[PDB]
Each structure stands twice: as structure tokens, then as C-alpha cells.
Amino acid sequence: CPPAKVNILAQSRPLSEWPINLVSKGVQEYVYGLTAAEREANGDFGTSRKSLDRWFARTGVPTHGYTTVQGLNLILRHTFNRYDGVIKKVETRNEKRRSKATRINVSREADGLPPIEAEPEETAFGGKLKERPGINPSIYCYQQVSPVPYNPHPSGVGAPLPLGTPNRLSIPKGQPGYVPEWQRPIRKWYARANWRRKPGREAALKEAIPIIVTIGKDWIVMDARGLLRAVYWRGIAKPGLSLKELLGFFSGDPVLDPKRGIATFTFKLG
DNA sequence: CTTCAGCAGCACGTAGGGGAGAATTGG
RNA sequence: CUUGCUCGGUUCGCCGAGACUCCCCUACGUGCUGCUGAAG
DNA sequence: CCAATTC
């Protein structure tokens with residue numbers, strides 16, 4: 001499932017300092033800096049509601065308003081898996097060591113030599129873990145957050161979305177887009193590729209396909225032309241679609257990147 | 001004024017941990 | 001094939017050819033940098 | 001009709 005990365009036109013607030021992102025951040029730090037005896041003790045995370053009011057009241061991790069189970073269930077499953085990773089890799093390293101350690105023990109029978117000294121075991125911590133990872137700012141969107149067409153929500157159509165650029169050679173001279181008479185015999189004219197600085201050398205907003213993804217009193221309005229463009233080069237659909245139809249191809253659950261100011265979508269299984 | 005010594009990264013690889021739903025059932 | 005990214009052409013009017021499995025983290029590498037200790 | 005529940 002390749003991603004269909006789409007830009008952000010406007011946002012209520014940067015993705016940072018956002019209920020889901022901020023509350024996730026607090027969860028992240030607690031889990032990673034835990035003890036192997038405080039992981040199986042402070043972590044009792046259940047896919048229910050009263051347990052996440054129990055886990056968030058026993059671990060002490062704060063919530064500035066986020067209680068949504070569908071988004072507080074993968075957040076608390078990301079951190080625990082990530083912390084599990086930092087012990088898994090060490091165990092695999094130790095396991096790899098004992099895989100060849102048995103292998104060099106097999107050659108001892110042919111060697112007729114004294115057995116090799118025991119291979120040391122790498123310990124993930126010698127109570128806090130050695131490698132406490134940094135927080136993952138990526139924001140994950142769930143079913144109650146899934147995208148919808150922008151149909152005033154605080155210019156879009158779910159009418160059939162325009163094909164766009166229907167006229168190239170018929171533009172009047174002097175108007176934006178006319179092929180010069182000397183080179184007369186699909187990127188729009190405001191494409192930054194054609195006006196970039198080179199060794200020899202609002203329109204986007206007014207010709208947009210705005211979708212919207214909402215999290216409580218928050219929202220992101222991605223430009224679906226990026227989502228449009230993903231379909232048109234893979235061989236899935238044709239010019240006949242709408243704000244409702246394209247979102248059908250792409251997973252209900254998109255991802256978000258606060259830093260680059262870009263959101264990420266994924267193809268569904270089909 | 002040269003060998004190397006071992007930490008760090010502006011920048012680079014690899015190498016290895018984590019992640020990228022959605023259909024029902026309550027109030 | 002409406003946005004966005006890379007690299008080219010031009011009369012600067014936009015034109016030509018492409019990429020698209022990405023993201024997060026820990027850490028370890030190469031010149032470079034720095035801090036030191038050997039030999040005249 | 002919108003959060004909590006399921007695998």
C-alpha cells in the first residue's frame with residue numbers, strides 16, 4: 001500500500017500543541033523510560049474505556065481533554081510496542097550471538113579442543129533503559145477522524161470534481177497559459193516547477209479539491225489534488241470521480257506529519 | 001611532523017526497532 | 001493526469017523529460033572537525 | 001448519530 005501524500009492548505013492550528021499530539025507525547029516518555037519490572041507492572045492497557053481511565057489514573061499521565069478510545073488505544077499500543085522494540089533488538093543481538101555460539105560449539109567436536117568461553121549476554125540496561133527513544137510526532141487518524149468532503153464545517157463542490165486544464169491551445173494571447181506560436185506544435189502554469197530559479201531563465205488555492213479531517217475542535221484541510229494525482233498515474237480510476245469517490249479508494253485512516261506540514265494517505269486493499 | 005586514539009557530528013551511507021483498520025453495538 | 005519534489009529547454013508566454021513505499025527512533029560508519037598522548 | 005466496542 002503505497003502512500004498518497006497530500007499537502008495542507010489551511011489548518012486550525014499547527015499539528016503540534018494539539019490534544020492528540022500533546023497527550024501522546026506525555027504517554028511516549030513514560031513508557032520508554034520504564035524498567036523491565038515496571039513494564040509488566042505499570043502497563044495494564046486494555047482495549048476498553050474504564051481501563052484507560054484506570055491506566056491514565058494509575059500511571060499519572062495527564063490528558064488535556066483527550067479521552068477518545070479509538071485514538072487512545074493505538075497511542076498506548078505504539079509506545080508499548082516501541083519500548084518492546086528496544087528490548088527485542090538486544091535480545092535478537094544476544095540470540096544472534098548464541099546462534100553462532102552454538103555454531104562454533106559444533107566445530108568443537110571436530111576440533112578436539114577445549115570448549116570456547118561462554119559468549120556474554122548483552123543487557124538492555126545495567127532500572128531505566130539505556131536507550132530511551134525520543135517521541136514520535138506522527139499523528140494517526142482513526143475512524144471518528146476519517147476525512148470528509150468540505151461542504152460548508154467552518155471553495156469545494158460531492159459533485160464530480162473538475163477535470164482541470166481543459167483548454168491549453170485556446171487560451172487568449174497574453175492570458176496565463178498560452179503556448180507560444182513558435183513552440184505550439186499536465187502541469188498548470190502556476191506549477192512551481194515551471195517558475196523555479198534556474199541557471200538559464202492564490203491560483204492553487206482557487207483551483208483546489210479540499211478534503212477535511214477533524215479531531216474534536218480541530219481540523220486539517222488537505223489538498224486532494226495530491227490524492228487526485230495518486231490515482232491518475234497508477235491506473236486505478238479515470239476523470240470521472242468526486243470528493244466522495246476518491247476517498248473511497250484511500251484508507252479511512254490517514255497519517256499526519258507536523259514538521260513538514262504534510263499529511264499522508266494510504267491505498268485500501270483494492 | 002608525522003604516525004594513531006576515540007568521542008562528536010555540518011553529511012553521508014547501512015542496520016534495526018516502531019508505525020501506516022473499520023465493522024457493529026450502546027446511551 | 002489541476003497542487004507538491006528532482007533535473008533540463010526558452011523568444012520568459014510555459015515548455016521538454018522523469019521519480020514516487022514512505023515515515024519515526026536508537027545507534028553504529030567515511031573524509032571533514034576537535035581534543036590529546038608517541039618518534040627526530 | 002456519535003462515541004465505545006469488537007476482532
# chains A, B, ... in the order shown; residues from 1 in each chain; ligands from 1
$ interface_residues --of "chain A" --to "chain C" --cutoff "7 Å" --atoms "only C-alpha atoms (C1' of nucleotides)" --output "JSON, numbers by chain"
{"A": [2, 3, 7, 131, 133, 134, 136, 164, 165, 174, 177, 178, 179, 180, 186, 188, 189, 194, 201, 204, 207, 223, 225, 226, 229, 232, 233]}
$ interface_residues --of "chain D" --to "chain A" --cutoff "9 Å" --atoms "only C-alpha atoms (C1' of nucleotides)" --output "PDB file with N, CA, C and O atoms (P, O5', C5', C4', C3', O3' and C1' of nucleotides), in the first residue's frame"
ATOM      1  P    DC D   2     -23.386  13.095  14.592  1.00  0.00           P
ATOM      2  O5'  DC D   2     -22.336  12.879  15.772  1.00  0.00           O
ATOM      3  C5'  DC D   2     -22.735  13.115  17.108  1.00  0.00           C
ATOM      4  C4'  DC D   2     -22.216  12.028  18.028  1.00  0.00           C
ATOM      5  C3'  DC D   2     -20.708  11.785  17.958  1.00  0.00           C
ATOM      6  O3'  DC D   2     -20.213  11.623  19.263  1.00  0.00           O
ATOM      7  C1'  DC D   2     -21.843   9.770  17.701  1.00  0.00           C
ATOM      8  P    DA D   3     -18.873  12.369  19.723  1.00  0.00           P
ATOM      9  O5'  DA D   3     -18.615  11.793  21.197  1.00  0.00           O
ATOM     10  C5'  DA D   3     -17.535  10.904  21.439  1.00  0.00           C
ATOM     11  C4'  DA D   3     -18.026   9.533  21.879  1.00  0.00           C
ATOM     12  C3'  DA D   3     -16.904   8.559  22.241  1.00  0.00           C
ATOM     13  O3'  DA D   3     -16.874   8.313  23.643  1.00  0.00           O
ATOM     14  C1'  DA D   3     -18.631   7.513  20.942  1.00  0.00           C
ATOM     15  P    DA D   4     -15.729   7.362  24.246  1.00  0.00           P
ATOM     16  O5'  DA D   4     -16.321   5.890  24.090  1.00  0.00           O
ATOM     17  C5'  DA D   4     -17.396   5.473  24.908  1.00  0.00           C
ATOM     18  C4'  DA D   4     -17.654   3.992  24.744  1.00  0.00           C
ATOM     19  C3'  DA D   4     -16.426   3.102  24.918  1.00  0.00           C
ATOM     20  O3'  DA D   4     -16.774   1.921  25.632  1.00  0.00           O
ATOM     21  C1'  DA D   4     -17.389   2.704  22.819  1.00  0.00           C
ATOM     22  P    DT D   5     -15.672   0.782  25.903  1.00  0.00           P
ATOM     23  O5'  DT D   5     -15.948  -0.303  24.769  1.00  0.00           O
ATOM     24  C5'  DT D   5     -17.108  -1.076  24.813  1.00  0.00           C
ATOM     25  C4'  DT D   5     -17.261  -1.882  23.544  1.00  0.00           C
ATOM     26  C3'  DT D   5     -16.258  -3.007  23.370  1.00  0.00           C
ATOM     27  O3'  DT D   5     -16.772  -4.207  23.922  1.00  0.00           O
ATOM     28  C1'  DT D   5     -16.767  -1.854  21.306  1.00  0.00           C
TER      29       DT D   5
END
$ atom_distance --atom1 "atom CA of residue A:66" --atom2 "atom CA of residue A:6"
26.0 Å
$ closest_residue --among "B:27, B:9, B:20, B:4" --to "residue C:33" --atoms "only C-alpha atoms (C1' of nucleotides)"
B:9
$ atom_distance --atom1 "atom CA of residue A:23" --atom2 "atom CA of residue A:89"
27.3 Å
$ residues_around --residues "residue A:55" --least-positions-apart "2" --cutoff "8 Å" --atoms "only C-alpha atoms (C1' of nucleotides)" --output "ChimeraX atom specification"
/A:42-45,51-53,57-60
$ interface_residues --of "chain B" --to "chain A" --cutoff "10 Å" --atoms "only C-alpha atoms (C1' of nucleotides)" --output "PyMOL selection string"
chain B and resi 16-22
$ select_by_dssp --residues "stretch 128-231 of chain A" --states "helix (DSSP H, G or I)" --output "PyMOL selection string"
chain A and resi 143-145+203-206+224-231
$ select_by_dssp --residues "stretch 11-259 of chain A" --states "strand (DSSP E or B)" --output "tab-separated table (two decimals) with N, CA, C and O atoms, in the first residue's frame"
chain	number	residue	atom	x	y	z
A	11	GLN	N	-4.92	25.15	8.23
A	11	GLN	CA	-5.10	24.36	9.44
A	11	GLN	C	-5.63	25.24	10.56
A	11	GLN	O	-5.35	26.43	10.61
A	139	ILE	N	1.11	11.88	13.72
A	139	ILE	CA	-0.25	11.82	14.26
A	139	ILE	C	-1.07	10.83	13.47
A	139	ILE	O	-1.10	10.88	12.24
A	140	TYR	N	-1.73	9.91	14.16
A	140	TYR	CA	-2.52	8.89	13.49
A	140	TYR	C	-4.00	9.22	13.62
A	140	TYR	O	-4.47	9.60	14.70
A	148	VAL	N	-13.54	13.79	5.27
A	148	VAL	CA	-14.82	14.03	4.60
A	148	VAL	C	-14.67	15.18	3.62
A	148	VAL	O	-13.79	16.04	3.77
A	149	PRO	N	-15.51	15.21	2.59
A	149	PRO	CA	-15.53	16.37	1.69
A	149	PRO	C	-15.91	17.64	2.45
A	149	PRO	O	-16.72	17.61	3.37
A	160	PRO	N	-19.15	15.95	-9.20
A	160	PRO	CA	-17.96	15.46	-9.92
A	160	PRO	C	-16.88	16.52	-10.01
A	160	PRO	O	-17.09	17.62	-10.53
A	210	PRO	N	-10.68	20.52	-1.78
A	210	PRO	CA	-10.45	20.47	-0.33
A	210	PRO	C	-11.20	19.36	0.39
A	210	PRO	O	-12.44	19.33	0.42
A	211	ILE	N	-10.45	18.43	0.98
A	211	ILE	CA	-10.97	17.47	1.93
A	211	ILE	C	-10.70	18.02	3.32
A	211	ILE	O	-9.96	18.99	3.50
A	212	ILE	N	-11.31	17.40	4.33
A	212	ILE	CA	-11.13	17.84	5.70
A	212	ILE	C	-11.13	16.64	6.63
A	212	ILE	O	-11.91	15.70	6.47
A	213	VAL	N	-10.21	16.66	7.60
A	213	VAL	CA	-10.06	15.64	8.63
A	213	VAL	C	-10.15	16.32	9.98
A	213	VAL	O	-9.37	17.22	10.28
A	214	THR	N	-11.11	15.88	10.80
A	214	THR	CA	-11.48	16.59	12.02
A	214	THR	C	-11.13	15.78	13.26
A	214	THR	O	-11.38	14.57	13.32
A	219	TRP	N	-9.07	20.53	12.91
A	219	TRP	CA	-9.32	20.04	11.55
A	219	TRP	C	-8.14	20.36	10.65
A	219	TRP	O	-7.40	21.32	10.89
A	220	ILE	N	-7.97	19.55	9.61
A	220	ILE	CA	-6.97	19.76	8.57
A	220	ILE	C	-7.65	19.64	7.21
A	220	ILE	O	-8.55	18.82	7.02
A	221	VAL	N	-7.32	20.59	6.34
A	221	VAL	CA	-7.93	20.64	5.02
A	221	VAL	C	-6.86	20.34	3.99
A	221	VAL	O	-6.17	21.23	3.51
A	222	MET	N	-6.70	19.06	3.68
A	222	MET	CA	-5.71	18.66	2.69
A	222	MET	C	-6.13	18.98	1.27
A	222	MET	O	-7.31	19.00	0.95
A	223	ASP	N	-5.15	19.24	0.41
A	223	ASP	CA	-5.46	19.47	-0.99
A	223	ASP	C	-5.55	18.11	-1.65
A	223	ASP	O	-4.54	17.42	-1.79
A	242	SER	N	-15.40	11.97	-7.72
A	242	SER	CA	-15.90	13.08	-6.92
A	242	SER	C	-15.20	13.06	-5.57
A	242	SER	O	-14.48	12.12	-5.25
A	250	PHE	N	-9.01	5.31	-0.85
A	250	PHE	CA	-7.94	5.51	0.12
A	250	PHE	C	-8.43	5.19	1.52
A	250	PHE	O	-9.58	5.47	1.86
A	255	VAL	N	-2.44	9.41	7.93
A	255	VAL	CA	-1.41	9.79	8.89
A	255	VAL	C	-1.12	11.29	8.75
A	255	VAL	O	-1.53	11.89	7.76
A	256	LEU	N	-0.44	11.88	9.73
A	256	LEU	CA	-0.12	13.30	9.70
A	256	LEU	C	1.33	13.54	10.10
A	256	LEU	O	1.87	12.83	10.96
A	257	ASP	N	1.96	14.53	9.47
A	257	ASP	CA	3.33	14.93	9.78
A	257	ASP	C	3.40	16.39	10.20
A	257	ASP	O	3.37	17.28	9.34
$ atom_distance --atom1 "atom CA of residue A:230" --atom2 "atom CA of residue A:269"
15.2 Å
$ residues_around --residues "residue C:36" --least-positions-apart "5" --cutoff "12 Å" --atoms "only C-alpha atoms (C1' of nucleotides)" --output "ChimeraX atom specification"
/B:4-7
$ residues_around --residues "residue B:1" --least-positions-apart "3" --cutoff "12 Å" --atoms "only C-alpha atoms (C1' of nucleotides)" --output "ChimeraX atom specification"
/C:38-40
$ write_last_selection --atoms "N, CA, C and O atoms (P, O5', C5', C4', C3', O3' and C1' of nucleotides)" --output "PDB file, in the first residue's frame"
ATOM      1  P     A C  38      53.650  11.528  25.831  1.00  0.00           P
ATOM      2  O5'   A C  38      53.886  10.277  24.872  1.00  0.00           O
ATOM      3  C5'   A C  38      55.126  10.088  24.205  1.00  0.00           C
ATOM      4  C4'   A C  38      55.022   9.014  23.152  1.00  0.00           C
ATOM      5  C3'   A C  38      56.207   8.878  22.210  1.00  0.00           C
ATOM      6  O3'   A C  38      57.276   8.134  22.768  1.00  0.00           O
ATOM      7  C1'   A C  38      54.209   8.897  20.954  1.00  0.00           C
ATOM      8  P     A C  39      58.744   8.781  22.874  1.00  0.00           P
ATOM      9  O5'   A C  39      59.239   8.867  21.362  1.00  0.00           O
ATOM     10  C5'   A C  39      59.493   7.690  20.609  1.00  0.00           C
ATOM     11  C4'   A C  39      59.893   8.010  19.189  1.00  0.00           C
ATOM     12  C3'   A C  39      60.924   9.112  19.008  1.00  0.00           C
ATOM     13  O3'   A C  39      62.251   8.677  19.251  1.00  0.00           O
ATOM     14  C1'   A C  39      59.167   9.384  17.438  1.00  0.00           C
ATOM     15  P     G C  40      63.345   9.706  19.824  1.00  0.00           P
ATOM     16  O5'   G C  40      63.893  10.452  18.527  1.00  0.00           O
ATOM     17  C5'   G C  40      64.592  11.684  18.633  1.00  0.00           C
ATOM     18  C4'   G C  40      64.936  12.243  17.274  1.00  0.00           C
ATOM     19  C3'   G C  40      65.168  13.745  17.212  1.00  0.00           C
ATOM     20  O3'   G C  40      66.474  14.122  17.611  1.00  0.00           O
ATOM     21  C1'   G C  40      63.708  13.103  15.470  1.00  0.00           C
TER      22        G C  40
END
